[PDB]
$ cat coords08.pdb   # PDB, C-alpha atoms
ATOM      1  CA  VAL D   1     -13.632  17.721  -3.284  1.00  0.00           C
ATOM      2  CA  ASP D   2     -15.923  16.260  -0.624  1.00  0.00           C
ATOM      3  CA  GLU D   3     -15.557  15.775   3.139  1.00  0.00           C
ATOM      4  CA  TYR D   4     -13.815  12.407   2.713  1.00  0.00           C
ATOM      5  CA  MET D   5     -11.144  13.777   0.407  1.00  0.00           C
ATOM      6  CA  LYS D   6     -10.693  16.647   2.857  1.00  0.00           C
ATOM      7  CA  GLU D   7      -9.857  14.296   5.698  1.00  0.00           C
ATOM      8  CA  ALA D   8      -7.642  12.295   3.380  1.00  0.00           C
ATOM      9  CA  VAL D   9      -5.824  15.539   2.539  1.00  0.00           C
ATOM     10  CA  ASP D  10      -5.476  16.650   6.166  1.00  0.00           C
ATOM     11  CA  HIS D  11      -4.217  13.236   7.227  1.00  0.00           C
ATOM     12  CA  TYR D  12      -1.836  12.632   4.342  1.00  0.00           C
ATOM     13  CA  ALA D  13      -0.520  16.192   4.645  1.00  0.00           C
ATOM     14  CA  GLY D  14      -0.020  15.978   8.394  1.00  0.00           C
ATOM     15  CA  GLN D  15       2.022  12.861   7.680  1.00  0.00           C
ATOM     16  CA  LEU D  16       4.287  14.324   5.000  1.00  0.00           C
ATOM     17  CA  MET D  17       4.640  17.099   7.576  1.00  0.00           C
ATOM     18  CA  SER D  18       6.706  15.038  10.021  1.00  0.00           C
ATOM     19  CA  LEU D  19       9.271  14.747   7.225  1.00  0.00           C
ATOM     20  CA  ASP D  20      10.138  18.444   7.604  1.00  0.00           C
ATOM     21  CA  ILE D  21      10.782  19.002   3.899  1.00  0.00           C
ATOM     22  CA  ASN D  22      12.478  22.039   2.340  1.00  0.00           C
ATOM     23  CA  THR D  23       9.879  24.460   0.955  1.00  0.00           C
ATOM     24  CA  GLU D  24      12.509  26.065  -1.300  1.00  0.00           C
ATOM     25  CA  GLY D  25      12.308  19.810  -6.529  1.00  0.00           C
ATOM     26  CA  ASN D  26      13.197  19.305  -2.871  1.00  0.00           C
ATOM     27  CA  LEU D  27       9.971  17.338  -2.556  1.00  0.00           C
ATOM     28  CA  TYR D  28      11.385  14.827  -5.029  1.00  0.00           C
ATOM     29  CA  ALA D  29      14.570  14.391  -3.000  1.00  0.00           C
ATOM     30  CA  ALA D  30      12.642  13.937   0.247  1.00  0.00           C
ATOM     31  CA  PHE D  31      10.538  11.186  -1.338  1.00  0.00           C
ATOM     32  CA  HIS D  32      13.536   9.550  -3.016  1.00  0.00           C
ATOM     33  CA  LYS D  33      15.335   9.459   0.338  1.00  0.00           C
ATOM     34  CA  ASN D  34      12.295   8.204   2.248  1.00  0.00           C
ATOM     35  CA  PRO D  35      10.546   5.382   0.397  1.00  0.00           C
ATOM     36  CA  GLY D  36       8.119   3.888   2.903  1.00  0.00           C
ATOM     37  CA  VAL D  37       4.850   4.293   4.749  1.00  0.00           C
ATOM     38  CA  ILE D  38       5.510   7.937   5.647  1.00  0.00           C
ATOM     39  CA  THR D  39       5.814   9.271   2.122  1.00  0.00           C
ATOM     40  CA  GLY D  40       3.605   6.347   1.227  1.00  0.00           C
ATOM     41  CA  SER D  41       5.799   6.080  -1.838  1.00  0.00           C
ATOM     42  CA  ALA D  42       8.329   3.618  -3.248  1.00  0.00           C
ATOM     43  CA  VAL D  43       9.597   5.898  -6.015  1.00  0.00           C
ATOM     44  CA  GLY D  44      13.363   5.602  -6.092  1.00  0.00           C
ATOM     45  CA  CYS D  45      13.460   2.530  -3.827  1.00  0.00           C
ATOM     46  CA  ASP D  46      15.861  -0.368  -4.336  1.00  0.00           C
ATOM     47  CA  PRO D  47      13.855  -3.665  -4.400  1.00  0.00           C
ATOM     48  CA  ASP D  48      16.869  -5.867  -3.630  1.00  0.00           C
ATOM     49  CA  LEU D  49      17.029  -4.241  -0.194  1.00  0.00           C
ATOM     50  CA  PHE D  50      13.651  -2.569   0.262  1.00  0.00           C
ATOM     51  CA  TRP D  51      11.844  -5.916   0.045  1.00  0.00           C
ATOM     52  CA  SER D  52      13.329  -7.075   3.359  1.00  0.00           C
ATOM     53  CA  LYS D  53      11.920  -3.964   5.011  1.00  0.00           C
ATOM     54  CA  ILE D  54       8.366  -3.763   3.629  1.00  0.00           C
ATOM     55  CA  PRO D  55       6.933  -6.594   5.797  1.00  0.00           C
ATOM     56  CA  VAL D  56       7.919  -4.578   8.905  1.00  0.00           C
ATOM     57  CA  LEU D  57       6.252  -1.379   7.696  1.00  0.00           C
ATOM     58  CA  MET D  58       2.942  -3.058   6.896  1.00  0.00           C
ATOM     59  CA  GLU D  59       0.050  -3.561   9.278  1.00  0.00           C
ATOM     60  CA  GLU D  60      -1.283  -7.100   9.691  1.00  0.00           C
ATOM     61  CA  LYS D  61      -3.923  -7.300   6.916  1.00  0.00           C
ATOM     62  CA  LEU D  62      -2.879  -6.576   3.360  1.00  0.00           C
ATOM     63  CA  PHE D  63      -5.271  -5.354   0.691  1.00  0.00           C
ATOM     64  CA  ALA D  64      -4.628  -4.480  -2.923  1.00  0.00           C
ATOM     65  CA  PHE D  65      -6.388  -4.055  -6.257  1.00  0.00           C
ATOM     66  CA  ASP D  66      -5.920  -3.124  -9.917  1.00  0.00           C
ATOM     67  CA  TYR D  67      -6.856   0.177 -11.515  1.00  0.00           C
ATOM     68  CA  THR D  68      -8.271   0.350 -15.032  1.00  0.00           C
ATOM     69  CA  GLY D  69      -6.994   3.488 -16.735  1.00  0.00           C
ATOM     70  CA  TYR D  70      -5.680   5.106 -13.567  1.00  0.00           C
ATOM     71  CA  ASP D  71      -4.461   8.363 -15.157  1.00  0.00           C
ATOM     72  CA  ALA D  72      -7.360   8.830 -17.575  1.00  0.00           C
ATOM     73  CA  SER D  73      -9.997   8.341 -14.868  1.00  0.00           C
ATOM     74  CA  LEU D  74      -8.290  10.778 -12.492  1.00  0.00           C
ATOM     75  CA  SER D  75     -10.918  13.510 -12.039  1.00  0.00           C
ATOM     76  CA  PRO D  76      -9.984  17.177 -11.319  1.00  0.00           C
ATOM     77  CA  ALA D  77     -11.154  16.765  -7.736  1.00  0.00           C
ATOM     78  CA  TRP D  78      -8.045  14.709  -6.976  1.00  0.00           C
ATOM     79  CA  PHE D  79      -5.604  17.228  -8.433  1.00  0.00           C
ATOM     80  CA  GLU D  80      -7.469  19.872  -6.473  1.00  0.00           C
ATOM     81  CA  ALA D  81      -6.834  17.642  -3.458  1.00  0.00           C
ATOM     82  CA  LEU D  82      -3.196  17.113  -4.391  1.00  0.00           C
ATOM     83  CA  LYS D  83      -2.850  20.901  -4.504  1.00  0.00           C
ATOM     84  CA  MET D  84      -4.265  21.244  -0.993  1.00  0.00           C
ATOM     85  CA  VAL D  85      -1.637  18.782   0.261  1.00  0.00           C
ATOM     86  CA  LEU D  86       1.101  20.781  -1.472  1.00  0.00           C
ATOM     87  CA  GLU D  87      -0.465  23.955  -0.073  1.00  0.00           C
ATOM     88  CA  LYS D  88      -0.235  22.413   3.397  1.00  0.00           C
ATOM     89  CA  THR D  89       4.786  12.470 -12.199  1.00  0.00           C
ATOM     90  CA  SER D  90       5.253   9.135 -10.421  1.00  0.00           C
ATOM     91  CA  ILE D  91       5.692  10.997  -7.161  1.00  0.00           C
ATOM     92  CA  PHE D  92       2.422  12.787  -7.882  1.00  0.00           C
ATOM     93  CA  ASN D  93       0.346   9.807  -8.979  1.00  0.00           C
ATOM     94  CA  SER D  94       1.710   8.138  -5.842  1.00  0.00           C
ATOM     95  CA  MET D  95       0.565  11.069  -3.736  1.00  0.00           C
ATOM     96  CA  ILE D  96      -2.792  10.921  -5.467  1.00  0.00           C
ATOM     97  CA  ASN D  97      -3.045   7.206  -4.729  1.00  0.00           C
ATOM     98  CA  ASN D  98      -2.357   7.968  -1.074  1.00  0.00           C
ATOM     99  CA  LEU D  99      -5.312  10.326  -1.213  1.00  0.00           C
ATOM    100  CA  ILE D 100      -7.583   7.878  -2.987  1.00  0.00           C
ATOM    101  CA  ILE D 101      -7.003   4.948  -0.580  1.00  0.00           C
ATOM    102  CA  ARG D 102      -7.608   7.157   2.456  1.00  0.00           C
ATOM    103  CA  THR D 103     -10.714   8.679   0.863  1.00  0.00           C
ATOM    104  CA  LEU D 104     -12.225   5.355  -0.141  1.00  0.00           C
ATOM    105  CA  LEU D 105     -11.396   3.855   3.271  1.00  0.00           C
ATOM    106  CA  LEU D 106     -13.231   6.614   5.101  1.00  0.00           C
ATOM    107  CA  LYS D 107     -16.139   6.148   2.711  1.00  0.00           C
ATOM    108  CA  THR D 108     -16.393   2.356   2.845  1.00  0.00           C
ATOM    109  CA  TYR D 109     -16.036   1.760   6.588  1.00  0.00           C
ATOM    110  CA  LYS D 110     -16.939   3.329   9.896  1.00  0.00           C
ATOM    111  CA  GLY D 111     -14.337   3.362  12.646  1.00  0.00           C
ATOM    112  CA  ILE D 112     -11.333   3.721  10.333  1.00  0.00           C
ATOM    113  CA  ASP D 113      -8.277   5.344  11.966  1.00  0.00           C
ATOM    114  CA  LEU D 114      -5.932   6.411   9.173  1.00  0.00           C
ATOM    115  CA  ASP D 115      -2.907   6.367  11.465  1.00  0.00           C
ATOM    116  CA  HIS D 116      -3.199   2.616  11.164  1.00  0.00           C
ATOM    117  CA  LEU D 117      -3.196   2.651   7.379  1.00  0.00           C
ATOM    118  CA  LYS D 118       0.224   1.567   6.127  1.00  0.00           C
ATOM    119  CA  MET D 119       0.566   1.823   2.398  1.00  0.00           C
ATOM    120  CA  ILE D 120       3.251   2.290  -0.216  1.00  0.00           C
ATOM    121  CA  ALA D 121       2.373   3.499  -3.682  1.00  0.00           C
ATOM    122  CA  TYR D 122       4.340   3.800  -6.914  1.00  0.00           C
ATOM    123  CA  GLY D 123       2.023   5.569  -9.310  1.00  0.00           C
ATOM    124  CA  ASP D 124      -1.120   3.455  -9.646  1.00  0.00           C
ATOM    125  CA  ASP D 125       0.489   0.349  -8.103  1.00  0.00           C
ATOM    126  CA  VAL D 126       0.110  -0.050  -4.332  1.00  0.00           C
ATOM    127  CA  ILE D 127       0.669  -2.407  -1.427  1.00  0.00           C
ATOM    128  CA  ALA D 128      -1.594  -1.552   1.488  1.00  0.00           C
ATOM    129  CA  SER D 129      -2.520  -2.760   4.934  1.00  0.00           C
ATOM    130  CA  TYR D 130      -4.630  -2.087   8.000  1.00  0.00           C
ATOM    131  CA  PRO D 131      -4.975  -3.932  11.354  1.00  0.00           C
ATOM    132  CA  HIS D 132      -8.329  -5.415  10.310  1.00  0.00           C
ATOM    133  CA  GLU D 133      -9.083  -7.135   7.028  1.00  0.00           C
ATOM    134  CA  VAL D 134     -10.396  -4.593   4.543  1.00  0.00           C
ATOM    135  CA  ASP D 135     -12.302  -5.574   1.371  1.00  0.00           C
ATOM    136  CA  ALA D 136     -11.071  -4.164  -1.932  1.00  0.00           C
ATOM    137  CA  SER D 137     -14.385  -5.378  -3.394  1.00  0.00           C
ATOM    138  CA  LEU D 138     -16.119  -2.919  -1.086  1.00  0.00           C
ATOM    139  CA  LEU D 139     -13.507  -0.225  -1.713  1.00  0.00           C
ATOM    140  CA  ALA D 140     -14.100  -0.724  -5.451  1.00  0.00           C
ATOM    141  CA  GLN D 141     -17.792   0.067  -4.950  1.00  0.00           C
ATOM    142  CA  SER D 142     -16.975   3.402  -3.319  1.00  0.00           C
ATOM    143  CA  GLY D 143     -14.550   4.043  -6.168  1.00  0.00           C
ATOM    144  CA  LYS D 144     -17.391   4.364  -8.650  1.00  0.00           C
ATOM    145  CA  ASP D 145     -18.525   7.591  -6.966  1.00  0.00           C
ATOM    146  CA  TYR D 146     -15.148   8.978  -8.084  1.00  0.00           C
ATOM    147  CA  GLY D 147     -15.004   7.565 -11.599  1.00  0.00           C
ATOM    148  CA  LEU D 148     -12.431   5.016 -10.472  1.00  0.00           C
ATOM    149  CA  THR D 149     -12.657   1.500 -11.913  1.00  0.00           C
ATOM    150  CA  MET D 150     -11.030  -0.892  -9.449  1.00  0.00           C
ATOM    151  CA  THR D 151     -10.735  -4.621 -10.082  1.00  0.00           C
ATOM    152  CA  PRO D 152      -9.085  -7.604  -8.340  1.00  0.00           C
ATOM    153  CA  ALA D 153      -5.311  -7.467  -7.830  1.00  0.00           C
ATOM    154  CA  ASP D 154      -3.146  -8.717 -10.704  1.00  0.00           C
ATOM    155  CA  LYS D 155      -5.934  -9.282 -13.242  1.00  0.00           C
ATOM    156  CA  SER D 156      -7.502 -11.775 -10.836  1.00  0.00           C
ATOM    157  CA  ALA D 157     -10.937 -13.126 -11.818  1.00  0.00           C
ATOM    158  CA  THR D 158     -12.393 -12.577  -8.328  1.00  0.00           C
ATOM    159  CA  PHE D 159     -11.632 -10.464  -5.278  1.00  0.00           C
ATOM    160  CA  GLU D 160      -9.771 -12.716  -2.849  1.00  0.00           C
ATOM    161  CA  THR D 161      -7.799 -12.163   0.312  1.00  0.00           C
ATOM    162  CA  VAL D 162      -4.323 -10.719  -0.205  1.00  0.00           C
ATOM    163  CA  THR D 163      -1.558 -12.664   1.510  1.00  0.00           C
ATOM    164  CA  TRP D 164       2.212 -12.398   1.672  1.00  0.00           C
ATOM    165  CA  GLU D 165       2.270 -15.298  -0.750  1.00  0.00           C
ATOM    166  CA  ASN D 166       0.079 -13.894  -3.516  1.00  0.00           C
ATOM    167  CA  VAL D 167       0.811 -10.178  -3.083  1.00  0.00           C
ATOM    168  CA  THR D 168       2.893  -8.341  -5.696  1.00  0.00           C
ATOM    169  CA  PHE D 169       4.307  -4.833  -5.753  1.00  0.00           C
ATOM    170  CA  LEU D 170       6.195  -3.275  -8.665  1.00  0.00           C
ATOM    171  CA  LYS D 171       5.269  -6.626 -10.290  1.00  0.00           C
ATOM    172  CA  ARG D 172       7.379  -8.488  -7.764  1.00  0.00           C
ATOM    173  CA  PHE D 173       6.459 -11.220  -5.275  1.00  0.00           C
ATOM    174  CA  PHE D 174       7.923 -11.540  -1.770  1.00  0.00           C
ATOM    175  CA  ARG D 175       9.864 -14.752  -1.089  1.00  0.00           C
ATOM    176  CA  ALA D 176      12.028 -15.360   1.981  1.00  0.00           C
ATOM    177  CA  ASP D 177      15.509 -16.637   1.264  1.00  0.00           C
ATOM    178  CA  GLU D 178      15.933 -20.333   2.031  1.00  0.00           C
ATOM    179  CA  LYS D 179      19.329 -19.907   3.686  1.00  0.00           C
ATOM    180  CA  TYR D 180      18.470 -16.729   5.644  1.00  0.00           C
ATOM    181  CA  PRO D 181      14.641 -16.401   5.922  1.00  0.00           C
ATOM    182  CA  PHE D 182      14.674 -12.752   7.004  1.00  0.00           C
ATOM    183  CA  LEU D 183      16.210 -11.590   3.720  1.00  0.00           C
ATOM    184  CA  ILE D 184      13.233 -11.153   1.386  1.00  0.00           C
ATOM    185  CA  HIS D 185      13.799 -11.730  -2.354  1.00  0.00           C
ATOM    186  CA  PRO D 186      11.946  -9.455  -4.786  1.00  0.00           C
ATOM    187  CA  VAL D 187      10.670 -12.018  -7.301  1.00  0.00           C
ATOM    188  CA  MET D 188       9.570 -10.961 -10.757  1.00  0.00           C
ATOM    189  CA  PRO D 189       8.008 -13.837 -12.723  1.00  0.00           C
ATOM    190  CA  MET D 190      10.273 -15.153 -15.502  1.00  0.00           C
ATOM    191  CA  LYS D 191       7.470 -14.641 -18.026  1.00  0.00           C
ATOM    192  CA  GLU D 192       7.489 -10.847 -17.510  1.00  0.00           C
ATOM    193  CA  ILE D 193      11.270 -10.878 -17.939  1.00  0.00           C
ATOM    194  CA  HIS D 194      11.263 -12.909 -21.158  1.00  0.00           C
ATOM    195  CA  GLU D 195       8.769 -10.543 -22.719  1.00  0.00           C
ATOM    196  CA  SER D 196      11.184  -7.711 -21.928  1.00  0.00           C
ATOM    197  CA  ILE D 197      14.076  -8.973 -24.053  1.00  0.00           C
ATOM    198  CA  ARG D 198      14.869  -6.526 -26.873  1.00  0.00           C
ATOM    199  CA  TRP D 199      17.379  -6.263 -29.680  1.00  0.00           C
ATOM    200  CA  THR D 200      17.909  -2.522 -29.419  1.00  0.00           C
ATOM    201  CA  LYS D 201      17.541  -0.359 -32.532  1.00  0.00           C
ATOM    202  CA  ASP D 202      21.084   0.324 -31.339  1.00  0.00           C
ATOM    203  CA  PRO D 203      22.836  -3.031 -30.748  1.00  0.00           C
ATOM    204  CA  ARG D 204      25.047  -1.348 -28.124  1.00  0.00           C
ATOM    205  CA  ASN D 205      22.234  -1.228 -25.529  1.00  0.00           C
ATOM    206  CA  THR D 206      21.671  -4.980 -25.613  1.00  0.00           C
ATOM    207  CA  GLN D 207      24.359  -5.904 -23.063  1.00  0.00           C
ATOM    208  CA  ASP D 208      23.283  -3.460 -20.359  1.00  0.00           C
ATOM    209  CA  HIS D 209      19.610  -4.173 -21.030  1.00  0.00           C
ATOM    210  CA  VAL D 210      20.114  -7.911 -20.522  1.00  0.00           C
ATOM    211  CA  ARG D 211      22.307  -7.195 -17.508  1.00  0.00           C
ATOM    212  CA  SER D 212      19.381  -5.423 -15.896  1.00  0.00           C
ATOM    213  CA  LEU D 213      17.171  -8.403 -16.771  1.00  0.00           C
ATOM    214  CA  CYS D 214      19.663 -10.750 -15.080  1.00  0.00           C
ATOM    215  CA  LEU D 215      19.585  -8.564 -11.956  1.00  0.00           C
ATOM    216  CA  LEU D 216      15.859  -9.355 -11.860  1.00  0.00           C
ATOM    217  CA  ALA D 217      15.988 -12.976 -12.974  1.00  0.00           C
ATOM    218  CA  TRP D 218      18.406 -14.534 -10.504  1.00  0.00           C
ATOM    219  CA  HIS D 219      15.820 -13.933  -7.775  1.00  0.00           C
ATOM    220  CA  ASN D 220      13.815 -16.842  -9.253  1.00  0.00           C
ATOM    221  CA  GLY D 221      16.512 -19.256  -8.121  1.00  0.00           C
ATOM    222  CA  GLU D 222      19.668 -20.822  -9.522  1.00  0.00           C
ATOM    223  CA  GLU D 223      17.858 -23.319 -11.751  1.00  0.00           C
ATOM    224  CA  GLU D 224      15.502 -20.813 -13.365  1.00  0.00           C
ATOM    225  CA  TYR D 225      18.349 -18.323 -13.756  1.00  0.00           C
ATOM    226  CA  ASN D 226      20.666 -20.744 -15.557  1.00  0.00           C
ATOM    227  CA  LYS D 227      17.776 -21.920 -17.699  1.00  0.00           C
ATOM    228  CA  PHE D 228      17.334 -18.255 -18.634  1.00  0.00           C
ATOM    229  CA  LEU D 229      21.041 -17.755 -19.389  1.00  0.00           C
ATOM    230  CA  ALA D 230      21.042 -20.894 -21.520  1.00  0.00           C
ATOM    231  CA  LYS D 231      18.231 -19.523 -23.673  1.00  0.00           C
ATOM    232  CA  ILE D 232      20.044 -16.233 -24.218  1.00  0.00           C
ATOM    233  CA  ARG D 233      23.220 -18.129 -25.109  1.00  0.00           C
ATOM    234  CA  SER D 234      21.455 -20.455 -27.567  1.00  0.00           C
ATOM    235  CA  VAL D 235      21.955 -17.907 -30.368  1.00  0.00           C
ATOM    236  CA  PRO D 236      24.922 -15.687 -31.444  1.00  0.00           C
ATOM    237  CA  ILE D 237      23.763 -12.259 -30.213  1.00  0.00           C
ATOM    238  CA  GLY D 238      23.165 -13.671 -26.764  1.00  0.00           C
ATOM    239  CA  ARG D 239      26.508 -15.451 -26.752  1.00  0.00           C
ATOM    240  CA  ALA D 240      28.239 -12.119 -27.362  1.00  0.00           C
ATOM    241  CA  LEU D 241      27.072 -10.811 -23.958  1.00  0.00           C
ATOM    242  CA  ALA D 242      28.780 -10.994 -20.553  1.00  0.00           C
ATOM    243  CA  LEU D 243      26.268 -12.540 -18.137  1.00  0.00           C
ATOM    244  CA  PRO D 244      26.719 -12.603 -14.325  1.00  0.00           C
ATOM    245  CA  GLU D 245      27.070 -16.064 -12.734  1.00  0.00           C
ATOM    246  CA  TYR D 246      24.248 -16.931 -10.310  1.00  0.00           C
ATOM    247  CA  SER D 247      26.732 -17.633  -7.517  1.00  0.00           C
ATOM    248  CA  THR D 248      28.143 -14.096  -7.480  1.00  0.00           C
ATOM    249  CA  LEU D 249      24.799 -12.315  -7.737  1.00  0.00           C
ATOM    250  CA  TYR D 250      23.495 -14.206  -4.708  1.00  0.00           C
ATOM    251  CA  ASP D 251      26.674 -13.736  -2.631  1.00  0.00           C
ATOM    252  CA  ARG D 252      26.904 -10.020  -3.400  1.00  0.00           C
ATOM    253  CA  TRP D 253      23.245  -9.762  -2.394  1.00  0.00           C
ATOM    254  CA  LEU D 254      23.868 -11.399   0.985  1.00  0.00           C
ATOM    255  CA  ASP D 255      26.827  -9.081   1.684  1.00  0.00           C
ATOM    256  CA  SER D 256      24.758  -6.028   0.790  1.00  0.00           C
ATOM    257  CA  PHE D 257      22.524  -6.133   3.857  1.00  0.00           C
TER     258      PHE D 257
END
$ encode --input "coords08.pdb" --output "C-alpha cells"
Amino acid sequence: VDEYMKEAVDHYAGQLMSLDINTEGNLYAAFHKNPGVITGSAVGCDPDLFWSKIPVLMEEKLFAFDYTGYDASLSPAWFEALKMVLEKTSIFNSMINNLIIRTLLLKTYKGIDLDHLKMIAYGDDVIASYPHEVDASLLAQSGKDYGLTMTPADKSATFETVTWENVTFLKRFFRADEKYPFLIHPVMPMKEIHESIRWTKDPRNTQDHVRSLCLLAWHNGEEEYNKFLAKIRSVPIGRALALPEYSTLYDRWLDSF
C-alpha cells in the first residue's frame, strides 16, 4: 500500500464520511439508499429512474475502460486499503474500484484534485468523469504497476474518447427520450437481451424471467420491442406468456418521474 493508495483511501474515506453511517450491515443499507457519486456506487440503483440523474452527477469529461479478470488480479494491497477505509461483495468491489481509480489518477497525472472526480462503480464496471479529459490509455499504463490489466471500454479495439453517445454503464446506453428529452432511457442492446432468454429447468420461472427481459427491451423503442415480442410469440412456449404492451410500459415510465 503505497502513498497513492493512501491518498485514495483518505479521500474516499473522507467522502463516505459525510454520509454519517451507522457503525453498529448498516454499510449496505447506506450504499443501497445512496447510489451516486458520494458512495461512488450504483449497487441497488434503479436504472429506469437513475439514468435521468447520472448526467447531472458527472463532471464534464467522461472516461471509462474494461478490466480483464478484475477479481483475480485484485492484489492484497487493495484489500488492505479497503480495510483502512472501513477502519476510518458488489459493494466491496465497488469500493475497491473507487480506490483504484483515485490511485491511478494520482499516479498518472499531476494537478489532480479528487474532489472533482465523479464516478459511480458497480463492481468492476464504472462510469467516471473529471473536469478535464483524462486518458484511460494512460491510466491503463499505471495499472500495470498494480497487476491490473485495463483495456478499452466495451471490448473496443482502441482507446477512444468516451462520450454520452458511446458510454455504457451496467451494459446500458444513455438515450434521451424523444418526447421529453430530459428523461434518459437506460438502453440495453437487444442482442444482450436475446442471449438472455432461457427455458428454465423449472418452466414456472419462464414468465417472470421474460417479464424482466421486457422491462429492459422496451427501452429500445416501440418497433424493436414489438419485433422482440413477435419472436417470443412465434412458438408455443412464448405464446403461453403474458407480455406487457409497449404503450403501457412507456406511459407508466413517464408517470414514474
$ resolve_selection --input "coords08.pdb" --expression "the PyMOL selection byres ((chain D and resi 33) around 12)" --output "number ranges by chain"
D: 19, 21, 26-32, 34-36, 38-39, 41-46
$ resolve_selection --input "coords08.pdb" --expression "the PyMOL selection byres ((chain D and resi 196-210) around 9)" --output "ChimeraX atom specification"
/D:191-195,211-215,237-238,240-243
$ closest_residue --input "coords08.pdb" --among "D:47, D:76, D:99, D:37" --to "residue D:10" --atoms "all atoms listed in the file"
D:99
$ closest_residue --input "coords08.pdb" --among "D:116, D:233, D:110, D:144" --to "residue D:58" --atoms "only C-alpha atoms"
D:116
$ atom_distance --input "coords08.pdb" --atom1 "atom CA of residue D:104" --atom2 "atom CA of residue D:186"
28.7 Å
$ residues_around --input "coords08.pdb" --residues "stretch 123-129 of chain D" --least-positions-apart "2" --cutoff "6 Å" --atoms "only C-alpha atoms" --output "JSON, numbers by chain"
{"D": [58, 59, 61, 62, 63, 64, 90, 93, 94, 117, 118, 119, 120, 121]}
$ write_last_selection --input "coords08.pdb" --atoms "C-alpha atoms" --output "PDB file, in the coordinates of the input"
ATOM      1  CA  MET D  58       2.942  -3.058   6.896  1.00  0.00           C
ATOM      2  CA  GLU D  59       0.050  -3.561   9.278  1.00  0.00           C
ATOM      3  CA  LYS D  61      -3.923  -7.300   6.916  1.00  0.00           C
ATOM      4  CA  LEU D  62      -2.879  -6.576   3.360  1.00  0.00           C
ATOM      5  CA  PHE D  63      -5.271  -5.354   0.691  1.00  0.00           C
ATOM      6  CA  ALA D  64      -4.628  -4.480  -2.923  1.00  0.00           C
ATOM      7  CA  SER D  90       5.253   9.135 -10.421  1.00  0.00           C
ATOM      8  CA  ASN D  93       0.346   9.807  -8.979  1.00  0.00           C
ATOM      9  CA  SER D  94       1.710   8.138  -5.842  1.00  0.00           C
ATOM     10  CA  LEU D 117      -3.196   2.651   7.379  1.00  0.00           C
ATOM     11  CA  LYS D 118       0.224   1.567   6.127  1.00  0.00           C
ATOM     12  CA  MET D 119       0.566   1.823   2.398  1.00  0.00           C
ATOM     13  CA  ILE D 120       3.251   2.290  -0.216  1.00  0.00           C
ATOM     14  CA  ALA D 121       2.373   3.499  -3.682  1.00  0.00           C
TER      15      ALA D 121
END
$ residues_around --input "coords08.pdb" --residues "residue D:77" --least-positions-apart "6" --cutoff "12 Å" --atoms "all atoms listed in the file" --output "JSON, numbers by chain"
{"D": [1, 2, 3, 4, 5, 6, 9, 83, 84, 96, 99, 100, 103, 145, 146, 147]}
$ closest_residue --input "coords08.pdb" --among "D:17, D:187, D:140, D:134" --to "residue D:87" --atoms "all atoms listed in the file"
D:17
$ axis_aligned_box --input "coords08.pdb" --around "stretch 38-49 of chain D" --padding-each-side "6 Å" --output "AutoDock Vina command-line options"
--center_x 10.3 --center_y 1.7 --center_z -0.2 --size_x 25.4 --size_y 27.1 --size_z 23.7
